[PDB]
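Given as structure tokens, the chain that follows is alone and in the form deposited in one PDB entry.
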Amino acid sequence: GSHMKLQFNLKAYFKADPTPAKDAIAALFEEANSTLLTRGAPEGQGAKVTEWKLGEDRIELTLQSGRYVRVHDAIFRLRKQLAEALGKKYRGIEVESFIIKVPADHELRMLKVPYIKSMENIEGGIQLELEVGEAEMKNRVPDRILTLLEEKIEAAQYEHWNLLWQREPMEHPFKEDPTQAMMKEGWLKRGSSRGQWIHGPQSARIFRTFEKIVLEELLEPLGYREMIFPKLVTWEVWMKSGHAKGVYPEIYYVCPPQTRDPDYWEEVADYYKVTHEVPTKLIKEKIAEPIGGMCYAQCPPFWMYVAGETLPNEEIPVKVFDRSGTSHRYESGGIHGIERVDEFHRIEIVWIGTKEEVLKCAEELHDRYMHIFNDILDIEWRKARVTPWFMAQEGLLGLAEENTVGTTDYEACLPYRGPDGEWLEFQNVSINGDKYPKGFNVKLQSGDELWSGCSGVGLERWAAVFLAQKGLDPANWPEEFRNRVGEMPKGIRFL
């Protein structure tokens, strides 16, 4: 909320190479200042050369602009015309100083950011001194530095949740924490890794049944075709999805070995055989740099399937889904139950189409979920419009400023947490907009905007919710569920 004009200040010089040629130089700058540097900006808002002088090889000038026709774009418009002044009538760009004045209400603490020489507060905003050459300006690095600095200006000026639908409350006769109940009765045990669980037969039958319910009650009637998305995700995929914009604190990073040469690894082996300890420090030195991380969001890697491609109109809506593996996230410390794991199992659902087709597809899923949760699971739940899954996993909060782009969360209560217990999110549906098509460069034959959507069904969360509300004895389950399950298997009884 500061009205200070966003402004760019370039001080540069050009470098075939005479000295006295200034007639057209004067006449070009005016024919730029009131014509060439106009195009793009609204009336009286284009760029301007404000002063200039000369050398024997070089031609220095000061250049100014606001948000339209920016100096680092304006200067290449100039070199173009200035190249057709002293071509047949009678080589590069250097930068003396680059300054951006950005509007801001609050001070902002200086950080290790590349291409920034200095930064300090001024009247109504912040002034940056950039350390940039011509290569950088073609790359549009000043533009990207401005997007960053604004993101952070928003962040300082500062979570979203608001109701859409709720179920009439139900009597809750099972009041214990399902993970404790399942451990006590042989359904599961803890995995070796953090936030990890080994599912015995009883627990596994629950997951499989939930899975089966999604296939028969949602995925088939709606026309979804199974795919197999990969589970090792690379920077390439996260750059295009946008997760490379800040997912870093929550991923499990993967590093391949630098080589299979077993002589290179001989030293690791030996340590272990002598000490019976694994030398993790030594391994860290022998492993490659990370190539990415374990599946975090599940859809991102599907999009390599359609990257760089065009889709015929006959071929949309593309409705696919994946159930081929585990997702991994580094959650908050503290031991939890299945309601907050690090290794989880999700059925990722994805659709591409037009703005309209996408919403219709989203509506259809909402319909089939309500049938399942009301009629088959018979659980107590609700849904709310929330901060988008793509926004959150990329560091940022708030909502998206397109009416219908965002995430709808499904939440259920857990009777063991008491009347004031925070409810648990267990299902989502998101309209992603044009984000994923744009990012992976996926075009549409007839040339309209491609939109996408996605929904993830966390099995561990369905289980937390269904078991907290119904217990583990089948007799008390909805009989519609009890049909799906068949006969419950026996656990592995220990002594």
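So that there is no doubt, residue numbering starts at 1 and follows the sequence shown. For clarity, a rigid core is taken as the largest C-alpha set superposing within 1.5 Å between two forms.
Another form, the form deposited in another entry, is not on view; read the next lines as being about it.
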property: Position with Cα shift of 2 Å or more, rigid core superposed between this form and the one not shown, options 220, 363, 123, 309; result: 123
property: Rigid-core frame, C-alpha of residue 449, shift of 2 angstroms or more between this form and the one not shown; result: no
property: Exceeds or equals 2 Å, Cα of residue 133 between this form and the one not shown, core fit; result: yes
property: Core-aligned CA displacement of residue 467 at least 2 Å between this form and the one not shown; result: no
